[PDB]
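Inspection log for the structure reproduced underneath, given as structure tokens.
Letters A, B, ... mirror the listed sequences (proteins, then strands); counts begin at 1. These numbers come from the heavy atoms of this one structure, side chains and all, not from hydrogens, waters or symmetry mates.
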Protein chains: 2
Amino acid sequence: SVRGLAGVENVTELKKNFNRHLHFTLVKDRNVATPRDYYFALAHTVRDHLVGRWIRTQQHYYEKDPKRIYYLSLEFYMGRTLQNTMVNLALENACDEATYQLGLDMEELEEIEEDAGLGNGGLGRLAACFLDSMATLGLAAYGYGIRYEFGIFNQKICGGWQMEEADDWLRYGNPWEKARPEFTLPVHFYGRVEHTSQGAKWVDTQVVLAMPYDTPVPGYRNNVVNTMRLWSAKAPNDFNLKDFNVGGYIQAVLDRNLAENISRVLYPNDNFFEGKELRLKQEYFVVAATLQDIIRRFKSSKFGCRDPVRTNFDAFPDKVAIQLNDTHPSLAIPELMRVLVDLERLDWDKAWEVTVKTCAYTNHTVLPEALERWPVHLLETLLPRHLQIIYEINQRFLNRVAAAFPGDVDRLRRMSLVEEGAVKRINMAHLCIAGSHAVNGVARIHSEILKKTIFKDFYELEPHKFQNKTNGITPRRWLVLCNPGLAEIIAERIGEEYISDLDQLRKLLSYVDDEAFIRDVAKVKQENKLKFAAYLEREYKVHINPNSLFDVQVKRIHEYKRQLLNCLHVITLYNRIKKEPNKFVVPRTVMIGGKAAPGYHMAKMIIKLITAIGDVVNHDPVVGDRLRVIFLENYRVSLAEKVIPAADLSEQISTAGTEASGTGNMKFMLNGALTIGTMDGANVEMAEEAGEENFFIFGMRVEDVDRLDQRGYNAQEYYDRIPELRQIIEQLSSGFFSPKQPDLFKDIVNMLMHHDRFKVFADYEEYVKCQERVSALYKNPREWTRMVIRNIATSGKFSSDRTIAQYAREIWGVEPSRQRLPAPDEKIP
Amino acid sequence: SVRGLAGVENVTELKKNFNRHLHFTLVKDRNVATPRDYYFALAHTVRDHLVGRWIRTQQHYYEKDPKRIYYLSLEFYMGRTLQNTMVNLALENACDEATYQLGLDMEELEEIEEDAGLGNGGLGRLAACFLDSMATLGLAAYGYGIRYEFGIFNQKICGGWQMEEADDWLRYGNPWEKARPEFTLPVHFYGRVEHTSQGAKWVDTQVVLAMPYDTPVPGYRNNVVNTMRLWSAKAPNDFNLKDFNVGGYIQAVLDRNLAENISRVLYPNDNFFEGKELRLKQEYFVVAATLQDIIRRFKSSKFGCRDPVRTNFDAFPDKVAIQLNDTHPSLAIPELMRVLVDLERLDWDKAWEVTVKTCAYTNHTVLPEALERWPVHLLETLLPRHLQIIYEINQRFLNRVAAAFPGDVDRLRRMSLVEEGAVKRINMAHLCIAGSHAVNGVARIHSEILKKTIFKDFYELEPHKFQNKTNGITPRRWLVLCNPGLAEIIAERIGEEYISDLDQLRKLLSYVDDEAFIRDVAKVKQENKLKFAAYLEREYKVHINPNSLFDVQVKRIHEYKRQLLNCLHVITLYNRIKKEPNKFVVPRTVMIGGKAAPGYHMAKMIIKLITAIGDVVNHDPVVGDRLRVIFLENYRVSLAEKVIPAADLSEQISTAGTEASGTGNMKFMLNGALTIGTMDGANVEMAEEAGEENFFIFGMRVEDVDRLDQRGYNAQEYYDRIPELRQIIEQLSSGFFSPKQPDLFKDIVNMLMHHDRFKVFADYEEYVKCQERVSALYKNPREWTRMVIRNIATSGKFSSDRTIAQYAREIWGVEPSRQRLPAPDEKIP
Ligand SMILES: *Cc1c(COP(=O)(O)O)cnc(C)c1O
Ligand SMILES: *Cc1c(COP(=O)(O)O)cnc(C)c1O
Ligand SMILES: OC[C@@H]1[C@@H](O)[C@H](O)[C@@H](O)c2cn[nH][n+]21
Ligand SMILES: OC[C@@H]1[C@@H](O)[C@H](O)[C@@H](O)c2cn[nH][n+]21
């Protein structure tokens, strides 16, 4: 592997610095230093290399003064960072040789690091990939979010059930972030509005400090190092404590550690709306603080130095761009108006024009329960002024609507940011649209439905706002990092340029017929299957028969992702084996992983099923090798980089129209797995890219689901007209998979049979047939690898560099780049 | 000043490392680095020098295997640490030159650091001095306590009143400690005892993790660097959170941050007993954890390697020594029995013999309200086994007593560790005596009363246990650090050896008659008076007339310290000035500082008085320079190092028999101030050391207070027979010092007049006469300085090196040393 150069001098300098940090920084010594200390010695040694260009990149922005892109997200699924750092700087071969010469194994050291899991799944990982791409593309970008004490809970399966253990990821600290207490900002909550003729005053507010923590974000070999600033909550030592009146000091000391709860933990609602005051507080927390830093940097640039002297915010939109990732940081709309109108005293009209030219909203899912609609009373109480500003935004917006569509009264009702009813609520999505100059979907099909259904009204008023930005995945982490084997064989043929531009992967189409290459693609895949089997064994259990089809569905447990459909299929393979015990079937290992939301009972049950089924199957003598059913515990970014490169079959079975885009699919595609999925989200574009013949699409298309809704879904029909399906439902309701507790899956079955919003039965037959075809192709090794080479070669479009390049040129108003910024070397500023 | 050598090479290496930490460690650059970053760059640069010998000293102990001294204290008043570190290593002149060449002023940088205030006052500072001495004396000592998030509250005086603001001392972090999460230990609480024939099991306990934080403790120029390990509380991520049963995960995440409250804040009860379950938890917290580390290091020495193979604890007392600083860590007695009996399965008799040979208790005050007596129900609940073990200790102890004094039934009642009544309690002091082989007082007079009154019974049973260890103060911090001016002039005459052995100060008696030296002692004192006036001005207010007697009483506000007596005296000087407005009196500035316990109403009032009086006095035209009354805000270790060296008069007015020892007195003595005090605590030994003629002793002696108690104290008598005293009481009750609120001091007066447990009036006359004599001597500059040279020269006995040397030889069983251990230089272990 060409993971960089193992320079003689660099290697010697590295080992020196490694021993220095071990001594001074860790205060350890080789005769007492554990793999962990060794891991930290390296981490710090590598960190040093980041700081140089980190300082230089940020300074670069002050001088040149390019437009700034602020990516506001309440999630940043970072995963480990040492290998990525090592790769993006060209330090992997130097560090390997260096630690080797020390007698340490870099692989074991990397396994010491823990996931910086400040995210649930797709939303956060997208942000993480985006961050990496914006840096690789030389964009003056800043990732802003919350610094959760504990990211997403660690998953433990005890007795087939999920257990929520806390993610104490900061236990041994994090050698990547840099606390910046000197830059702690004040956030205000509650209060009231003193209204005068000369202005509005948000007053009598409870203060919460926002302590920033900066993490360096290195671009691939271009010497660009951006910043991700995460806010940590801290109580102000003054209002609290000093108030001897009842506070009693000691109690107040303890109560101090109560406002700090804002950045305590990530809400485990993997895209789901819970109107919790804490969440709202978390959102406002990061919006206000972030927006202060934004205005600050705008004021200290060419304006607050010269230009029109009196800070004229006209050029604010040309210098600032804030991207609202979902509706979570939507408060940025009224907050920017608050600051500009109340503090900066700009007229309303001026502010709004400026606000809309700065903000852009990204819609991630059309599913209604994930939409944020806060009860008016909540906002009225926690943020009075913002609510007053939202009401004013709304009145002017609707005033425009009414003028565009005169008399269309229901339209007004439909386009009101304010929803009436038993509890008046505020539609955050509507806010973002009225307050952004661009709104985008995360996939071709997704963005169309947005203009056709949900935002059809908004689209009719402002067709110019709506766009599409089909999601990306980063080739550094998602290929070079997780699959150094595949990256090597590809590199031996086309060189390493692909890493910075995946579209070059198409050149591999010239090797579809090439014995060597075909054997290589097959060899790496098996190597990877071996490494994962080794990992599953050493870390958990079972010698998963590597000589089998690694069928894998890893993603958050949701009724629309359809793990249940896979469960049905699994039971099917088992039952067929029992009917014809001597009929050869392709040996298979079905791996499903993901975490269920804590209060999501059904999801909990589903997890329980995937394991319950395994108990039977995995122990039937008759099967004894042929079929394995396994649940992958605590599915996270690091496990993703593990399982995926060892994947044969990429399960992407969402009900058509549900999965807005998906990202796991693209990873599987990049890594040499064949996809079995519906015509949903990005699956559609993936199959178009590789040709529907190199894919395994099946089931109802969006139009079919709708026609079925039109007349109503009646699962009983499928149960009556499908005898093999009928058999499984009976094995469930009887207790075949729950002997000790026969009534166990009664609610799963009841839902399936009577309340399936995702039409599982309506896709069972076409699904089992599709799996038959896959097994069939697998029976032809050479043919499977040939279709694989056809998948990898057309993954180019699914790089976040392409996505980001689109956001930059189409929404942000910035031209990405790929020129290597210089390194400091020795000079200190 | 000879604050070390400013080596050309060392200076260059320092500046290099300073810029390195600024860049890499702080990620700053000279064009954006504030004095704070500059302060941190230096702090880290200096920290590096500590680590080398730190590692080497600890390693030294493993090989040599000397007896270990564990100093358990729930307080360690550390103050700043950069200058001390710089001095103890011989780095002050190199660092000054280094930063100077950088253009930075070391003095401003040092002022950036904040007090590591993990202590209230005397108890903690003693521990801090002791730590420094044990290191200077080459003792294998380890300071163990709690790592409070917030030390003692910062004091703010708003409108003449105290305001409790929190001490967020860890805000910008602490570059001295080293978190050691890898060594986190488990502490158990609550539960029950499973009792079998084969043993006792403390079970069903709530767990709390103890994360250690190590701070290096450098000995003066001997290259010895010991360790102070402070425990931080952290919830275990398992029992908490995973329990989905009602825990709800999120709530449990928040509740996780509830057990961590154990090391949250230092209880502001500057030596006072509040039976709070949190405090008890704080005490047990540090006892268990510490004791685990102790047993661990004992097991990995010559025993758990070879020796009798099966860990034989017979030699435990020869290897381990734990010093109970006050009754706070008394739980170490039953806890050591628990571990040895329950876990190690030693017979009771064997364990007890071992326990008593290991532990030694230090009594700090005879005042009853400061004595720990926990309600039996509390211990029964929070620590069931320990309570059962205490009952067994008691029964055997009393069995010995009864056998020594047959029939003495009341004795048994008096010597019972168990106190009967409406609420049965456990006398912690009795525990410590029955469980320690040595008990000591903190001053000659204090230790005698212990054998004569309070522990007269225990003394009669075991006369051999009782000793005296008159407190010390450290000459490095308390002279060399705070008074580099005095240390210089002394050094110019007798060399720098005194720093390591203060007894050499007696040589200054040869200069009592020496014009040069007399002028120098006078010159430094004025320089210091100038520097403090400059500090008071730049940091707070008033150009305190440096041409005045700096009369200062700085210490915790308590009725027995008698700030009120000083208040009476102050009002007296003012009133006399009004009677005879043209009669010359020595110009004076009376400074009083200290913090009142939050719920201590009277103390709060007293503070209010000291300021109330100033309002009048400080603004009377007639006075206009002659008399200033000032309250020094937020009196802490750093202010102590400030005010003291600028002190003329050292107010030490405690009611005879109340101040067990005192330490502030010694500091004032070392720094060139004359003392006006009672024959209390160490005042007695100080006057004996310098000859009662070089002191200003006054008031009732212990015998007089008692004879007054015998017949009863009637303040009315003094009010009736002292017309000037009578006048002040009327100015109070009328509202002369509280015009707007005439009834303001009614409770102060009521106490004074009817419930003064400290006989203030009974010492007023003799007190004003003594102050007349002091003013008189002050009128003779040469004579004052001559008596001063007589005070400084006899301070030798009050060094903690002497105290510690006594603890070592008389209680610990270790011979202190003063040989310079080697430095690592370049080699890395
Ligand atoms: C990228 C990623 C996701 C995406 O999964 P989808 O449902 O397939 O799109 C979620 N979780 C993890 C840990 C990821 O790696
Ligand atoms: C040493 C010290 C003490 C001691 O004061 P006393 O009452 O005089 O013995 C208390 N507080 C501080 C900050 C100290 O420096
Ligand atoms: O856009 C990133 C991912 C997307 O790929 C998923 O399909 C969608 O359900 C979602 C919601 N939030 N973030 N996401
Ligand atoms: O022993 C140190 C000091 C001592 O000098 C004080 O006089 C005494 O009141 C006390 C209580 N706790 N610690 N102390």
Side-chain angles (χ1 to χ4, degrees), chain A residues 34-36 38-39 79-80 82-83 96 104-115 117 154-163 165 481-486 522-555 563 566 570 573-574 586-595 607-608 610-621 623-651 664 667-668 671-673 778, chain B residues 238:
Chain A
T34 68
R36 183 152 217 106
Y38 279 129
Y39 157 65
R80 288 158 173 38
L82 171 70
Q83 188 187 31
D96 213 324
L104 311 165
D105 178 35
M106 184 140 77
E107 257 108 71
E108 70 178 326
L109 267 37
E110 288 160 322
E111 287 306 294
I112 297 294
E113 179 166 6
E114 208 171 321
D115 300 87
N154 267 2
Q155 178 191 65
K156 251 173 174 54
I157 306 293
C158 297
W161 300 94
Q162 175 172 269
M163 302 301 294
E165 195 190 76
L481 260 66
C482 63
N483 221 325
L486 183 68
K523 190 201 81 300
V524 300
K525 178 61 59 170
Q526 199 60 203
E527 286 178 353
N528 299 8
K529 293 174 66 170
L530 278 7
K531 292 179 299 182
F532 190 71
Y535 166 84
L536 264 185
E537 287 189 86
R538 85 166 193 272
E539 235 79 285
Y540 308 76
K541 78 302 187 180
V542 62
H543 176 24
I544 53 171
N545 169 37
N547 310 299
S548 69
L549 186 314
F550 279 7
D551 174 23
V552 293
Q553 191 185 198
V554 287
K555 61 192 73 224
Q563 282 71 29
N566 203 174
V570 174
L573 297 183
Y574 170 81
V586 166
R588 198 190 281 226
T589 292
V590 196
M591 299 173 246
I592 306 169
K595 297 169 176 162
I607 293 192
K608 177 54 176 167
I610 302 171
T611 53
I613 295 164
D615 286 326
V616 176
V617 178
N618 305 8
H619 303 111
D620 196 318
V623 190
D625 211 300
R626 310 167 71 194
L627 185 61
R628 307 295 94 179
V629 186
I630 248 62
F631 191 99
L632 271 22
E633 189 187 57
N634 194 48
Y635 177 64
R636 56 200 181 291
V637 167
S638 60
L639 197 49
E641 310 180 355
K642 222 96 84 313
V643 196
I644 292 178
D648 276 311
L649 227 209
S650 174
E651 300 280 6
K667 303 162 192 185
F668 278 116
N671 286 278
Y778 198 74
Chain B
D238 44 275

Less than 4.5 Å apart, side chain to side chain, heavy atoms only: is that true for [X] and [Y]?
| X | Y | value |
| --- | --- | --- |
| A:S650 | A:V552 | no |
| A:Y535 | A:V643 | no |
| A:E651 | A:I592 | no |
| A:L627 | A:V590 | yes |
| A:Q526 | A:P546 | yes |
| A:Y574 | A:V616 | yes |
| A:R80 | A:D115 | yes |
| A:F668 | A:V554 | yes |

Exercise: identify the closest heavy-atom pair between [X] and [Y]:
| X | Y | result |
| --- | --- | --- |
| A:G594 | A:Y635 | N-CB, 3.6 Å |
| A:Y540 | A:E633 | CE2-OE1, 3.2 Å |
| A:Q155 | A:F631 | OE1-CE2, 3.6 Å |

Distance from [X] atom [atom1] to [Y] atom [atom2], nearest 0.5 Å?
| X | Y | atom1 | atom2 | answer |
| --- | --- | --- | --- | --- |
| A:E110 | A:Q83 | CD | CD | 5.0 Å |
| A:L109 | A:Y38 | CG | OH | 9.0 Å |
| A:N634 | A:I157 | CG | CD1 | 9.0 Å |
| A:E641 | A:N483 | CD | CG | 11.0 Å |
| A:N566 | A:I613 | CG | CD1 | 9.0 Å |
| A:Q553 | A:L632 | CD | CG | 11.5 Å |

Q: Check each of A:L573, A:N545, A:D648, A:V570 against A:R588 using the side-chain contact (heavy atoms from CB on, under 4.5 Å) test, and report the only one that passes.
A: A:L573
Under 3.5 Å donor-acceptor, [X] side chain and [Y] backbone:
| X | Y | result |
| --- | --- | --- |
| A:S548 | A:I544 | no |
| A:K642 | A:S638 | yes |
| A:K608 | A:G159 | yes |

Q | Salt-bridge contact A:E111-A:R538 (side-chain N to carboxylate O under 4.0 Å) | A |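 Judged by the 4.0 Å cut-off on N to carboxylate O distance, A:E111 and A:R538 do form a salt bridge.
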Q: Using the side chain to side chain contact (heavy atoms under 4.5 Å, CB included) rule, take A:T589 and A:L549 through it: C-alpha gap first, then chi angles, then the decisive distance, then the call.
A: CA-CA 6 Å; A:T589 292; A:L549 186 314; over 6 Å; no
Q: Could you check A:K156 against A:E165 for salt bridge (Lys or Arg N to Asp or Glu O under 4.0 Å), going step by step and ending with a plain yes or no?
A: CA-CA 7 Å; A:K156 251 173 174 54; A:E165 195 190 76; 3.6 Å; yes
**Q.** Stepwise side chain to side chain contact (heavy atoms under 4.5 Å, CB included) check, A:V623 with A:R628
**A.** CA-CA 8 Å; A:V623 190; A:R628 307 295 94 179; 3.2 Å; yes
[X] and [Y]: side chain donor to acceptor below 3.5 Å:
| X | Y | answer |
| --- | --- | --- |
| A:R36 | A:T34 | no |
| A:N528 | A:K525 | no |
| A:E113 | A:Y39 | yes |

Q | Sub-6.0 Å ring centroid separation between A:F550 and A:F532 | A | no
Q. Going through the distances and angles, do A:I607 and A:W161 end up as a side chain to side chain contact (heavy atoms under 4.5 Å, CB included)?
A. CA-CA 7 Å; A:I607 293 192; A:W161 300 94; over 6 Å; no
Q: List the steps and the verdict of side chain to side chain contact (heavy atoms under 4.5 Å, CB included) for A:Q563 and A:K555.
A: CA-CA 9 Å; A:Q563 282 71 29; A:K555 61 192 73 224; 3.6 Å; yes
